[PDB]
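Chains A and A', in that order, are what the protein sequence lines are. A prime marks a further copy of an entry chain. Quick note, the first sequence lines up with residues 299 to 343, 348 to 717 if you use the deposited numbering. Quick note, the second sequence lines up with residues 299 to 343, 348 to 717 if you use the deposited numbering. Worksheet for the structure shown next.
2 protein chains.
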Amino acid sequence: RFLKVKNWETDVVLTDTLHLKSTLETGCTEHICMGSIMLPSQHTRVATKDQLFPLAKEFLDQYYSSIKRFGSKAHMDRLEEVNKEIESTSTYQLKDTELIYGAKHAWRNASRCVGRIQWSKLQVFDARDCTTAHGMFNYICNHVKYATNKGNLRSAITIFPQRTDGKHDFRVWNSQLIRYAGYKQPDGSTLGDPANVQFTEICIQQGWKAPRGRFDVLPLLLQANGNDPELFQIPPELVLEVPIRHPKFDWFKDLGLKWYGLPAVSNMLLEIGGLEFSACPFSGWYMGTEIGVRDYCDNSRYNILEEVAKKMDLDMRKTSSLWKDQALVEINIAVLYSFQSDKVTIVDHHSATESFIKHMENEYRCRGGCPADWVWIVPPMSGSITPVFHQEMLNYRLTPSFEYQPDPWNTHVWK
Amino acid sequence: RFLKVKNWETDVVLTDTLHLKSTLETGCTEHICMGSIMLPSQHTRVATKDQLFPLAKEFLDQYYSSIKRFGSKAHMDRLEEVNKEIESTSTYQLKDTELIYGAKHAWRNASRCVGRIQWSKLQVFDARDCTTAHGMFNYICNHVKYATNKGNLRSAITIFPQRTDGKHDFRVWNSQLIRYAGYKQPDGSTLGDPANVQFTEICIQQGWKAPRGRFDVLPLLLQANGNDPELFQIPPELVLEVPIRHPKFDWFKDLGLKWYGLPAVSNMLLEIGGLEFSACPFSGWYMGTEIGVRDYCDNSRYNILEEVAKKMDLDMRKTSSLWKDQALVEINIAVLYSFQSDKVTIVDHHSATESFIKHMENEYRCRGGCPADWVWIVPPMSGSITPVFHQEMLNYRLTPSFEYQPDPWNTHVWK
Ligand code: HEM
Ligand code: HEM
Ligand SMILES: C[C@H](O)[C@H](O)[C@H]1CNc2nc(N)[nH]c(=O)c2N1
Ligand SMILES: C[C@H](O)[C@H](O)[C@H]1CNc2nc(N)[nH]c(=O)c2N1
Ligand SMILES: Cc1cc(N)nc(C#CCN2CC(F)(F)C2)c1
Ligand SMILES: Cc1cc(N)nc(C#CCN2CC(F)(F)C2)c1
Ligand SMILES: [Zn+2]
């Protein structure tokens, strides 16, 4: 019942008891493993009043058995206080300290995040008093400015009012606070980011005048209390960008690449003691491979392997010349070199994966485990020369948690 | 119940119904996914007479509903014939055609093997009349000669007598038919392959005179009908080796690397209609990354990244210089280039993973699915620039199957 996970490069063994506390389901059964399914039903997110108190009680018991005040009067009266308020309101409200705890532990419990060694250093911005989409823009601007810190990136999350009935929902329609626009050409090809071709069309549909270039920062589409969303442009002095150059190849500058400094996910859902926060933008800093491998070299994204292979002068006729691999490594050296020379926080996949193994060590000692998703933790290049490749990992779903949710434009009852 | 798997690079969707036929268990539960555990209990392998007929019946029903002769007289009489013989003997014997079918479908069902597009082109060598360890050596030599085919590698498997009581067991003690010896130095470091340091000691323990160099081909340790195993040296003209050189870097020859052409796994167990074949060496051809990434660059194997980085003249002080990544790509270009120039069959990880996607297509059409283990299918370098990275895969255990088994020297009752 008390499972073991092995590291096959060092022979370290760790014992996991934290999985006992797991509540949610994974998708796998005794006869089928769905560990490679991207969005199983369980990882996506309507609740009723009856189900709310056990989830509150369970969460309150975690928080008071955290500040080592479990079962005492301060715990019991808060237990009864929330109980009474769930009877009275069919919902409840978190204390500011409970919100900060719940949000840090959602990140802590994110099994697909290799960055969690930082989970306790998270700045939490309480935006539950927000009522309008202008208010949201203002809070989101303050988040971007704080988290960027002129390149000394700081982790942060901003938390808008929780879902109540469901038809009144705060939502950030962008998938990330800062993304580049996707424009499809009249012939068929794509300028900018093909991922956002659909979102770019919704913004033009709502009034955005597109500068139709490559790296056009998208406006924000903010929806408040269920109302229709409104467009706002992030003041460009708040959007820190890094021009990508190589430390050997001087043709690399003329490639004309740049990325943004701040990775800030805005389309997910924060769940805390049964409450649902449909708009909770959170940001950290990049691991290099996110830009250099996935953003730049995915076939359905920017897809630059061939142009980089061209200017490197490469054997591009054969697949076994490994020209794709060779050009991929140079692109990622340039991503790292550019962010570092500009003093914009970035981490390479060797540093990040070492830290995660060190984070797993700590989590099995002082916590009894660390839910981890190997499929997402192992970086998308050079997998087996990083220590996470050889580390067995148990995946399981703890709460508080970040979850996926459907896009707002498939569900919003317009008017 | 009839699950869907998505490809996130092409948007192809496939429907899996084959998982319904699954019998064995995976290790995962509704509340925990063990998709990254290397050797769960279910993937390792004693049976009694009562359990044997449903497994025979189930297997016979697959084979006759294969040559489109299901339920007929030829099926029913073989059903009753095996039934009677399980009553009479508490076991049974496969027809030669049933053995060839069962072995091809064990490979077909191997969810961790990216090579299965070839599953029906498998040469099956029936060695069930073998009685002595000399006999085994002779059969294993004929396998090596056939499968190598002077560099035009051909897939093959040799099948020794099935387990009966358990204390009489044919076993190949080597983990692969051809491996290099592992010698630990008096100071502590290691020459050759550190993986086989333990096995190398068992061979010296039994009489092997070690040439104590780097790439010393190990003798065979063959155990027949439970007797103690005996050493035999594969005639060196039967062991095809490829010296590793680079097509640009002429210092690469002086690195002094070579590998063997034939990957031939000998420590696993073939299960067919309930029968257990404890010695079933099977061979194919290499995917380049097996040698170039894992064999050469694993920290606990040959571990050559630093010496290759040295001669490349690399920024080795920092982790973020990606010198490890850069030297890894060159090692794999050289592995491919050397095998190809010598006309020894090899496949690169781009060709192999494309073929597997094409194999999955066929399997979902004419079979209803294809059990696949993403953790093992995705290659250990450049993962996301190969199409398997973006393909969702359902893992489940079908029979006939290859399974792991404990090492013989932890279980053999000596004398
Ligand atoms: C501090 C620096 C951080 C680093 C280096 C980091 C690293 C990463 C990386 C590389 C991914 C994979 C993204 C992808 O493949 O698309 C990821 C996923 C994720 N990260 Fe972190 N992250 C950081 C901060 C944070 C913060 C502050 C939070 C939450 C407050 C967070 C929560 C998540 C979640 C929820 C996911 C993916 C969840 C899913 O897909 O189910 N991360 N992280
Ligand atoms: C024909 C050329 C073949 C290629 C290119 C190929 C490719 C591969 C590769 C790269 C692996 C991973 C090995 C590792 O990471 O250590 C693998 C695993 C495997 N292959 Fe194939 N293979 C081939 C032939 C075969 C044959 C002929 C069989 C059986 C008769 C087979 C059965 C297996 C099994 C059972 C495993 C791993 C099972 C496990 O660990 O549970 N392969 N294959
Ligand atoms: C099919 C597969 O699950 C999918 O491509 C996953 C694989 N692992 C990943 N891992 C990370 N970190 N990010 C991703 O987008 C993905 N994609
Ligand atoms: C911990 C992890 O399961 C282990 O390192 C696995 C990962 N995937 C692998 N995949 C292949 N093909 N071969 C391996 O040896 C491994 N090792
Ligand atoms: C906070 C954070 C840090 C980081 N280093 N990266 C990301 C990211 C991302 C984008 N992907 C799509 C997703 F699944 F939402 C995450 C987010
Ligand atoms: C037939 C075959 C083909 C191939 N291309 N590779 C292998 C291999 C290997 C060694 N690994 C350890 C294992 F799990 F047994 C497989 C085997
Ligand atoms: Zn699973």
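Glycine included, C-beta positions come from ideal geometry on N, C-alpha and C.
Do residue i and residue j have their C-beta atoms closer together than 8 Å?
i: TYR394(A); j: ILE388(A); result: yes
i: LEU624(A); j: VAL416(A'); result: no
i: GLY490(A'); j: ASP518(A'); result: no
i: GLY528(A'); j: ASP471(A'); result: yes
i: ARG343(A'); j: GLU578(A'); result: yes
i: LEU520(A'); j: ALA483(A'); result: yes
i: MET332(A); j: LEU696(A'); result: yes
i: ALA581(A); j: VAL474(A); result: yes
i: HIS317(A); j: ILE330(A'); result: yes
i: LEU638(A); j: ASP627(A); result: no
i: residue 253(A'); j: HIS407(A'); result: This structure gives no information on residue 253(A'), because the portion of chain A' shown stretches from 299 to 717.
Assuming residue i is part of the beta strand (DSSP E), what are its boundary residues?
i: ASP314(A'); result: 311-314
i: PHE579(A'); result: 577-579
i: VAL426(A); result: 425-428
i: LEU362(A'); result: Unbroken run through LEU362(A') is the alpha helix (DSSP H), 354-366; no beta strand (DSSP E).
i: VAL303(A'); result: 301-304
i: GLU532(A'); result: 532-534
i: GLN525(A); result: 522-525
i: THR492(A); result: 492-494
i: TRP561(A); result: 560-562
So, helix, strand or coil for residue i, using DSSP?
i: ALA611(A'); result: helix
i: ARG473(A); result: strand
i: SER703(A'); result: strand
i: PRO545(A); result: strand
i: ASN697(A); result: strand
i: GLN420(A'); result: helix
i: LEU401(A); result: helix
i: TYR485(A); result: strand
i: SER585(A'); result: strand
i: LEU571(A'); result: strand
i: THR647(A); result: coil
i: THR621(A); result: coil
i: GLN464(A); result: coil
i: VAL519(A); result: strand
i: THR502(A); result: helix
i: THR655(A); result: helix
i: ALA566(A); result: strand
i: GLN395(A'); result: coil
i: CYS331(A'); result: strand
i: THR591(A); result: helix
i: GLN478(A); result: strand
Can you tell me where the alpha helix (DSSP H) with residue i in it begins and where it stops?
i: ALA435(A); result: 435-450
i: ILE459(A'); result: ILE459(A') -> not in any alpha helix (DSSP H); beta strand (DSSP E) instead, spanning 458-461.
i: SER390(A); result: 375-391
i: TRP676(A'); result: 676-679
Exercise for the section: Can you give me, in chain order, the residues of the segment 582-606 of chain A that have a beta carbon less than 8 Å from any beta carbon in chain A'? Expected result: Listed in sequence order: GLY590, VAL595, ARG596, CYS599, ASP600, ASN601, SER602.
Exercise for the section: Select from the segment 307-339 of chain A all residues with a C-beta closer than 7 Å to any C-beta belonging to chain A', and list them in chain order. Expected result: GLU307, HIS317, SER320, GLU323, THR324, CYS326, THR327, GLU328, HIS329, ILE330, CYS331, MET332, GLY333, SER334, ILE335, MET336
Handout entry: Residues within the segment 644-661 of chain A' neighbouring chain A, beta-carbon criterion of under 7 Å
Key = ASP650, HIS652, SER653
Handout entry: ligand 7 site residues, beta-carbon cut 5 Å against heavy atoms
Key = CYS326(A), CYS331(A), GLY333(A), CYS326(A'), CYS331(A'), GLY333(A')
Handout entry: Contacting positions in the segment 610-629 of chain A - beta carbon closer than 8 Å to chain A'
Key = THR621, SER622, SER623, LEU624, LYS626, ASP627, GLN628
Exercise for the section: Select from the segment 670-682 of chain A' all residues with a C-beta closer than 7 Å to any C-beta belonging to chain A, and list them in chain order. Expected result: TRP676, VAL677, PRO682
Exercise for the section: Compile a chain-ordered list of the residues in the segment 693-709 of chain A' whose CB is closer than 9 Å to at least one CB of chain A. Expected result: Taking 9 Å as the Cβ-Cβ cut-off against chain A, the residues of the segment 693-709 of chain A' that qualify are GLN693, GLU694, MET695, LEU696, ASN697, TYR698, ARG699.
Handout entry: chain A contacts made by the segment 630-642 of chain A', where a contact means CB separation under 9 Å
Key = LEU630, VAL631, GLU632, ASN634, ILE635, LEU638, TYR639, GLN642
Exercise for the section: Could you name the residues of the segment 461-480 of chain A' whose beta carbon sits closer than 7 Å to any beta carbon of chain A, in the order they occur along the chain? Expected result: none
Exercise for the section: Report the residues of the segment 396-429 of chain A' with a CB closer than 7 Å to any CB of chain A, ordered along the chain. Expected result: none
Problem - Any residue whose CB is nearer than 7 Å to a heavy atom belonging to ligand 4, listed in chain order - result: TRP306(A), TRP676(A), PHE691(A), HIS692(A), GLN693(A), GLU694(A), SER334(A'), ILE335(A'), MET336(A'), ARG414(A'), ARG596(A'), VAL677(A'), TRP678(A'), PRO682(A')
Practice task
Determine which residues of the segment 512-526 of chain A' have a Cβ less than 7 Å from any Cβ of chain A, and write them out in chain order.
Solution key: Taking 7 Å as the Cβ-Cβ cut-off against chain A, none of the residues of the segment 512-526 of chain A' qualify.
Problem - chain A contacts made by the segment 487-502 of chain A', where a contact means CB separation under 9 Å - result: none
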